[PDB]
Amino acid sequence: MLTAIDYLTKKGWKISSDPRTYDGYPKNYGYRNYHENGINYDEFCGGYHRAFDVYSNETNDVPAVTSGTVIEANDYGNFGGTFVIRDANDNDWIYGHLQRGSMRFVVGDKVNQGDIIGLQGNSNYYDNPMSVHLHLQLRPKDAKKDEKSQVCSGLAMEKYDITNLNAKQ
């Protein structure tokens, strides 16, 4: 089985936040409660971070980890510069904190796995201090449309096979 994480670490990306390391795992998935220096980073999600933060020193091109359709390409989304791909399973890959104005696609575009979709960055809603990284989250198909479920819902990416989600578009 190949995960989006396996895909990224083979290309030299490294993991800054890994829900398999949070206390209680596999229980209480994504419970992170990351706060420092007066910023509570998981405040909006009641401390939950159902997602992987990864980063690269080598380059800043962010590759699409699966193929699919662009459904959100927002410079000022909830994760700063927010880019979302819906894959063949109709789950939504959230790419967050991209350099605003770096997105290479618009809503409706088709994307092949590995296509460069934007640049790694540190943009966020309130424009607070943040380290340059990619936030990658797999929002499920059955995510409620209410805002907290569009931002905080998340599948366990480490259990999600992408071996067959790379079809040519």
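Start at 1 and count along the sequence shown; that's the residue number.
Between 52-60 and 135-143, it is 52-60 that carries the larger average Cα temperature factor according to the deposited entry. Between 30-38 and 125-133, the higher mean Cα B-factor belongs to 125-133. When all modelled residues of the chain are sorted by CA temperature factor, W93 is found within the lowest third. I5 sits in the lowest third of its chain by CA B factor, as recorded in the PDB entry.
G114 sits in the middle third of its chain by CA B factor, as recorded in the PDB entry. Annotation for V84: C-alpha temperature factor in the lowest third relative to the rest of the modelled chain, per the entry.
In the PDB entry, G68 places in the middle third of its chain by CA B-factor.
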